[PDB]
């Protein structure tokens, strides 16, 4: 829990049971519910040594899971893209994940579901029937990519020059993955040059995405986000739906660096922190330099959707 300093983001008023060994954090590994200190996987799992895996991360707020159906549908689609047959159904995954959160007692949480090729085979296996895929889960306190004061005041963005986003013809960014070699290089560049977060470009020098977040660009009342070298984010989807509710045209598109610098407003979005403003790029102010009014309406409406009763929410049974 925290006091946020923002009227639209609150936190539950509760205390964790110290008699419960899973309280405040836990994992599900090979059929067992375990505490964080016992949450370990085999070094012989291909999910480690060939990163042969995909995943998704959903969140729980005030005791409700946000867009669980969308999340598990994306996970299973991503698994299909890499020819991975999950050993559980979508319904089974949902039930186990919700149970895991319940055992932690966490009302505000992050829940990761990972599917790997497993430890019963190697990448050179001739017989595809010999592969034995694994599912791993973890539930932890909600994590913030940017702090609360920066959600209010905005963040300073940098366009990376020493690295570009991996092409779809090598390792597809539309498949959520742990292969962050390029994304880590971008973070390191950000430390060197003295900025807060990086945005990468693609092979054609068009806007891609950042480490753990999508970017959105607002110009003359039109709301645009990168369609190609970017994860199809659930937060992004929500942002574009909100934009349409407010009477704006909202579309996926190819966006140039010139268009980024010349934008009315710019924002970032992710399951890990929700929505926040980007007020400058490479030290150049975006319209002056303070969070724009369309961005502010979007941020407020997003957090309303986390609490107002709808089909977007699934109650956790504690």
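Positions refer to the first chain, counted from 1.
Averaged over Cα atoms, the B-factor as recorded in the entry is higher for 23-31 than for the other of 23-31 and 49-57.
For the pair 98-106 and 181-189, the record assigns the higher mean C-alpha temperature factor to 98-106. The maximum CA B-factor among the listed residues 172, 209, 244, 80, taken from the PDB record, is found at 244. When the CA B factors of the chain's modelled residues are split into thirds, the value for residue 84 lands in the lowest one. Sort the modelled residues of the chain by CA B factor and residue 76 lands in the lowest third. Residue 202: CA B factor in the lowest third of modelled residues in this chain (values from the PDB entry).
Looking at the C-alpha B-factors along this chain, the one for residue 148 belongs to the highest third. Remark: residue 154 belongs to the highest third of its chain, ranked by C-alpha B-factor as recorded.
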